[PDB]
2 protein chains.
Amino acid sequence: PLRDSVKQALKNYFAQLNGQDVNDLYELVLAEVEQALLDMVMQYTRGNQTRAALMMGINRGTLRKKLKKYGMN
Amino acid sequence: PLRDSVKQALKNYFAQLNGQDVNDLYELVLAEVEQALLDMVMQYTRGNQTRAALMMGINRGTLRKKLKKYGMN
């Protein structure tokens, strides 16, 4: 289950903090997961953005903002 | 690397998609990830919501809205 995989990835990450602040953990995890998701849906859809946005349940405009945020368009 | 576990999880989910449509895939992945992250951060901060919001980079009420969504306060 994916949920157990992000818990383990986070256990190992907290094991590397030694008094090192982290003040961006939400965007850091979100950037990793959103890039993987956009990558996988665009590959399945062969780059069709309307199809990809319908499958994800987001606006095609939103899809393209995210594609550009991560430099994937 | 977490993003590979996300890709393997999506690769297996699309293999289950034989003619069935999907229309909420972003919500499915986010819900699964935000729950594992809110659980791991609250344990690390020993339940302190202000230290958890600062580590995450979000403000306290955003963090509270999300805890409620997943029944965690």
Index of the failed condition, B:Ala36 passing every other in (1) more than 7 Å from chain A (Cβ to nearest Cβ); (2) surrounded by 13 or more Cβ atoms within 10 Å (Cβ to Cβ); (3) not polar (S, T, N, Q)
(1)
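When the range A:39-52 is examined, which residues are found to be over 23 Å from B:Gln35 (Cα atoms), surrounded by 13 or more Cβ atoms within 10 Å (Cβ to Cβ) and not polar (S, T, N, Q)?
Answer for the range A:39-52, where residues must be over 23 Å from B:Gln35 (Cα atoms), surrounded by 13 or more Cβ atoms within 10 Å (Cβ to Cβ) and not polar (S, T, N, Q): A:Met42, A:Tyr44, A:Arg51, A:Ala52.
Inside the range B:10-31, can you point out the residues that are within 17 Å of the chain's Cα centre (by Cα), surrounded by fewer than 19 Cβ atoms within 10 Å (Cβ to Cβ) and facing chain A (nearest Cβ under 7 Å)?
The first filter runs over the range B:10-31 and keeps only residues within 17 Å of the chain's Cα centre (by Cα), leaving B:10, B:24-31.
Next, only the ones that are surrounded by fewer than 19 Cβ atoms within 10 Å (Cβ to Cβ) stay: B:24, B:27-28, B:30-31.
The answer is B:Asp24, B:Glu27.
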For the range B:55-71, state whether one or more residues are among the aromatic types (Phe, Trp, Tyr) and either facing chain A (nearest Cβ under 8 Å) or over 17 Å from the mean Cα position of the chain (by Cα) (or both).
no
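Say whether the condition of being among the hydrophobic types (A, V, I, L, M, F, W, C), without any contact (Cβ under 8 Å) to a residue 12 or more places away in the chain, under 25 Å from A:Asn59 (Cβ atoms) and touching a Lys or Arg at 6+ places or on another chain (Cβ under 9 Å) is met by at least one residue in the range B:54-64. Steps first, please.
Of the range B:54-64, the ones among the hydrophobic types (A, V, I, L, M, F, W, C) are B:54-56, B:58, B:63.
Adding the requirement that they be without any contact (Cβ under 8 Å) to a residue 12 or more places away in the chain leaves B:54, B:58.
Filter once more, keeping what is under 25 Å from A:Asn59 (Cβ atoms): B:58.
With touching a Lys or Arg at 6+ places or on another chain (Cβ under 9 Å) added as a condition, the list becomes B:58.
Yes: the range B:54-64 contains one or more residues that are among the hydrophobic types (A, V, I, L, M, F, W, C), without any contact (Cβ under 8 Å) to a residue 12 or more places away in the chain, under 25 Å from A:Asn59 (Cβ atoms) and touching a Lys or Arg at 6+ places or on another chain (Cβ under 9 Å).
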Select from the range B:39-52 the residues that are facing chain A (nearest Cβ under 9 Å) and under 14 Å from the mean Cα position of the chain (by Cα) and write down the one among them that is nearest to B:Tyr70 (Cα to Cα).
B:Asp39
Quick one: B:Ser5 ticks every box in (1) surrounded by 13 or more Cβ atoms within 10 Å (Cβ to Cβ); (2) more than 23 Å from A:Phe14 (Cα to Cα) bar one, so which box is it?
(2)
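Quick note: the coordinates plus some simple rules give every number you see, no bench work behind them. When we count neighbours, we look across all protein chains shown, and the Cβ atoms used for this are built from the backbone with ideal geometry, even at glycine.
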